[PDB]
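A.B. asks: Numbering (the deposited numbering), first residue to last: 28 to 287.
For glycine and all other residues, C-beta sits at the position ideal for the given N, C-alpha and C.
Okay, here's the structure, questions in a sec.
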């Protein structure tokens with residue numbers, strides 16, 4: 028198709044490996060580019076950890092208000108919110124918000140601990156029908172993005188379908204789903220990624236990710252004005268261990284898709 032030819036040209040121009048999945052919820056049609064190849068998730072994995080904790084809160088009604096202690100030994104490499112609360116507490120809701128909207132890595136590790144380790148995040152993916160997602164490590168080593176390594180990867184097709192379920196479908200209870208949507212819409216890290224390639228009047232909720240090998244990711248739910256929502260996943264990685272991030276590639280891929 029025309030869109031696939033333009034995505035292939037974008038990929039060639041970029042020197043990296045690009046994976047795209049679009050789901051148009053108007054007719055459940057899909058557009059895929061390297062849709063079944065594995066890519067390192069990096070921080071896009073934080074959506075699954077937050078959703079897993081939301082799922083626990085359907086039975087444990089007060090769970091999101093539970094205080095969790097932030098100790099100096101909890102801090103890892105990037106903790107923009109957790110650092111403001113060292114030797115204090117944050118609730119699981121505040122940690123979920125920090126993980127999603129500021130990509131706070133300490134927040135992610137507390138969410139993983141609440142679920143009983145990476146195996147508990149993976150379990151939730153299996154429970155909602157995602158057989159592809161795997162979380163193997165904690166922050167910050169899940170971002171190593173080594174070529175060929177299956178750890179901490181998913182495919183664009185699998186993540187688009189799962190993000191659809193979580194935000195527009197009914198994998199979560201109604202209060203939980205609405206909370207997830209509100210968190211994603213208030214992301215602060217996405218201005219140069221998928222959002223930059225879309226009309227300024229469209230509402231977007233997204234989660235970015237970045238890691239070694241110039242890995243640059245973004246997953247988004249998109250509500251166009253007077254038109255059914257779309258789910259768009261863009262993953263990108265590069266051959267050099269020290270490559271710079273390429274958020275412009277994600278913006279350009281979104282623009283090519285939006286042209287359809």
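Quick check: the segment 199-217 against the segment 174-182, are at least 3 beta-carbon pairs closer than 8 Å?
C.D. replies: With the cut-off at 8 Å, the segment 174-182 and the segment 199-217 do not touch.
A.B. asks: Check this for me: beta carbons of residue 66 and residue 42, under 9 Å apart or not?
C.D. replies: No; because the gap between Cβ atoms is not below 9 Å, this pair is not in contact.
A.B. asks: State the start and end residues of the unbroken alpha helix (DSSP H) segment that holds residue 149.
C.D. replies: 145-154 is the extent of the alpha helix (DSSP H) around residue 149.
A.B. asks: From 101, 105, 209, 211, pick the residue whose C-alpha is nearest to that of residue 114; which is it?
C.D. replies: Out of 101, 105, 209, 211, 101 has the C-alpha closest to the C-alpha of residue 114.
A.B. asks: State the start and end residues of the unbroken alpha helix (DSSP H) segment that holds residue 183.
C.D. replies: Its alpha helix (DSSP H) spans residues 183-194.
A.B. asks: What's the gap between the Cα of residue 156 and the Cα of residue 118?
C.D. replies: Their Cα atoms are separated by approximately 29 Å.
A.B. asks: Does DSSP classify residue 232 as helix, strand or coil?
C.D. replies: Three-state result, residue 232: strand.
A.B. asks: Quick check: what's the CA-CA separation for residue 190 versus residue 128?
C.D. replies: Their Cα atoms are separated by approximately 16 Å.
A.B. asks: Can you round the beta-carbon distance between residue 235 and residue 217 to whole angstroms, since I take them to be within the 8 Å contact cut?
C.D. replies: About 5 Å; that satisfies the 8 Å criterion.
A.B. asks: So for residue 75, helix, strand or coil by DSSP?
C.D. replies: In the structure shown, residue 75 sits in a helix (DSSP, three-state: H, G or I).
A.B. asks: For residue 274, report the span of its alpha helix (DSSP H) as first-last.
C.D. replies: Taken as a continuous stretch (DSSP letters only), the alpha helix (DSSP H) holding residue 274 covers 274-285.
A.B. asks: By the 10 Å Cβ neighbour count, where 16 or more other Cβ atoms means buried, how is residue 269 classified, buried or exposed?
C.D. replies: Under this definition residue 269 is an exposed residue.
A.B. asks: Would you mind working out which of 280, 95, 87, 131 sits nearest residue 18, comparing C-alpha positions?
C.D. replies: Outside the displayed range of the chain (28 to 287) lies residue 18, so it cannot be described from this structure.
A.B. asks: From 81, 44, 178, 60, pick the residue whose C-alpha is nearest to that of residue 264; which is it?
C.D. replies: Comparing Cα positions, the closest option is 44.
A.B. asks: What residue from 266, 75, 78, 261 has the CA that sits closest to residue 280's CA?
C.D. replies: Answer by Cα proximity: 261.
A.B. asks: Does the distance from the C-beta atom of residue 95 to that of residue 122 stay below 9 Å?
C.D. replies: Taking 9 Å as the Cβ cut-off, residue 95 and residue 122 qualify as a contacting pair.
A.B. asks: Give a yes or no on whether 9 Å exceeds the smallest Cβ distance from residue 177 to chain B.
C.D. replies: Note that chain B does not occur in the displayed structure, where there is just one protein chain.
A.B. asks: Go through its chain and collect everything with a Cβ distance to residue 136's Cβ below 6 Å, but skip five positions before and after it.
C.D. replies: The answer, listed in chain order, is 165, 166.
A.B. asks: What did DSSP end up calling residue 240 once you bin it into helix, strand or coil?
C.D. replies: Three-state result, residue 240: coil.
A.B. asks: On the DSSP bridge list, what partners appear for residue 204?
C.D. replies: In DSSP, residue 204 forms no bridge with anything.
A.B. asks: Give the straight-line distance between the Cα atoms of residue 240 and residue 148, rounded to the nearest whole angstrom.
C.D. replies: About 24 Å.
A.B. asks: Leaving out the 5 sequence neighbours to the left and right, which residues in its chain are closer than 6 Å to residue 72 when beta-carbon positions are compared?
C.D. replies: Taken in chain order, the residues that qualify are 162.
A.B. asks: Suppose you measure from the CA of residue 231 to the CA of residue 99; what does that come to, to the nearest Å?
C.D. replies: Roughly 35 Å between the two C-alpha positions.
A.B. asks: Where residue 112 and residue 134 are concerned, what is the direct C-alpha to C-alpha distance, given to the nearest angstrom?
C.D. replies: Computed Cα separation, rounded: 11 Å.
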